[PDB]
Amino acid sequence: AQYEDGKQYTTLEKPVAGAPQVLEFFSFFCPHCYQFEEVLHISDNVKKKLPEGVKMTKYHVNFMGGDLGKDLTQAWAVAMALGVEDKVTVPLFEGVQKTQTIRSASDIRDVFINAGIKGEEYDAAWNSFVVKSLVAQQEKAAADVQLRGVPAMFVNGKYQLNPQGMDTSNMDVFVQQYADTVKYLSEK
């Protein structure tokens with residue numbers, strides 16, 4: 001076939017019921033994740049090719065960057081709760097990997113302040129139990145698929161994208177192959 005299990009994707013030996021349609025995992029410490037976000041715009045090109053009715057979900061993970069890794073998972077919960085993902089994603093990536101000016105929770109907080117979220121609103125969210133349960137959801141989704149690496153994308157809790165099996169001579173061709181694969185799996 002043109003798309004083969006173990007080639008552009010793998011199948012989960014243990015499917016996950018009720019899982020989000022398109023589920024993406026990343027870390028602000030993850031170097032290919034930085035690429036996926038600022039150079040390749042994966043999420044965005046996937047969305048452009050997905051059918052109507054398909055919602056897209058993105059979660060942060062704890063297993064990179066120790067203590068700061070966890071703070072970032074909680075900050076991402078804050079970003080999701082306030083709906084400000086598109087304003088903090090780039091400065092968080094660059095603060096962690098480019099300028100290396102993010103070293104503590106207070107530095108993460110600064111990124112949100114500079115993006116215009118109010119201190120009082122940020123700290124309230126940070127400490128809220130809605131954000132607690134959003135952190136729980138991120139952890140549970142990752143646990144469900146025994147996730148040990150990022151970036152990762154899962155389709156309907158049963159297929160996992162395998163970018164290692166796609167040409168990388170051309171960044172544009174890679175992205176389209178990736179997005180077309182998500183669509184194919186989506187229609188499966």
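Residues numbered from 1 in each chain as written, not as in the entry; some residues may be left out. Heavy atoms only, no water.

In its metadata, the entry names X-ray crystallography as the structure determination method and reports 1.9620 Å as the resolution.

What the rule picks out here adds up to six salt bridges. In this structure, the salt-bridge partner of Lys140 is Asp144, at a minimum N-O distance of 2.9 Å. Here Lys140 pairs with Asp144, and both are found in helix α7 (residues 129-144), just four residues apart, close to one helical turn. Look at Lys140 and you get exposed, because its relative accessible area is 52%. Of the charged contacts in the structure, one is a salt bridge between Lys183 and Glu187, with a shortest N-O distance of 2.5 Å. Here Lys183 and its partner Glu187 are both found in helix α8 (residues 171-187), four residues apart, which amounts to about one turn of the helix. (Salt bridge = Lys/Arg side-chain N within 4 Å of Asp/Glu carboxyl O. Helix = DSSP H or I, 4+ residues; strand = E, 2+ residues; numbered from the N terminus. Buried < 20%, exposed > 50% of the residue type's maximum accessible area, 1.4 Å probe, protein only.)

At a minimum axis separation of 9 Å, helix α3 (residues 66-82) and helix α6 (residues 119-127) run at an interaxial angle of 115 degrees. By the angle between their directions, the pair α3 and α6 is classed as roughly perpendicular. Here α3 runs over α6; the crossing is right-handed. Taken together, the residues of α6 that come into contact with α3 (itself represented by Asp71, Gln74, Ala75, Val78 and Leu82) are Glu121, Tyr122, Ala125 and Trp126. Residues of the contact of α3 with α6, tallied by class, amount to six nonpolar, one polar and two charged. (Axes fitted to C-alpha atoms, helices over the stretch in contact; angles between N-to-C directions. Parallel < 35°, antiparallel > 145°, perpendicular 65-115°, else oblique. Left-handed = near helix turned anticlockwise from the far one by under 90°. Contact = heavy atoms within 4.5 Å. Nonpolar A, V, L, I, M, F, W, Y, C, P; charged D, E, K, R; others polar.)

Moving on, we come to the packing of aromatic side chains. With the rule as written, the count across this model stands at 16 aromatic pairs. Where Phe25 meets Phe154, the ring centres are 5.9 Å apart and the plane angle is 80 degrees; that geometry is what we call edge-to-face. Pair noted here: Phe25 is in strand β2 (residues 22-26) and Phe154 is in strand β4 (residues 152-155), with a separation of 129 residues, a long-range link. Assigned by exposure class, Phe25 and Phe154 land together as buried. Taken together, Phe26, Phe28, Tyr34, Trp76 and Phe93 form an aromatic cluster joined through their ring pairs. The ring of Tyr159 has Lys188 lying over it, and the distance from NZ or CZ to the ring centre is 5.9 Å. (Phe/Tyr/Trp six-rings, centres within 6.5 Å; stacked < 30°, edge-to-face > 60°. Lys NZ or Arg CZ within 6 Å of the ring centre and 35° of its normal.)

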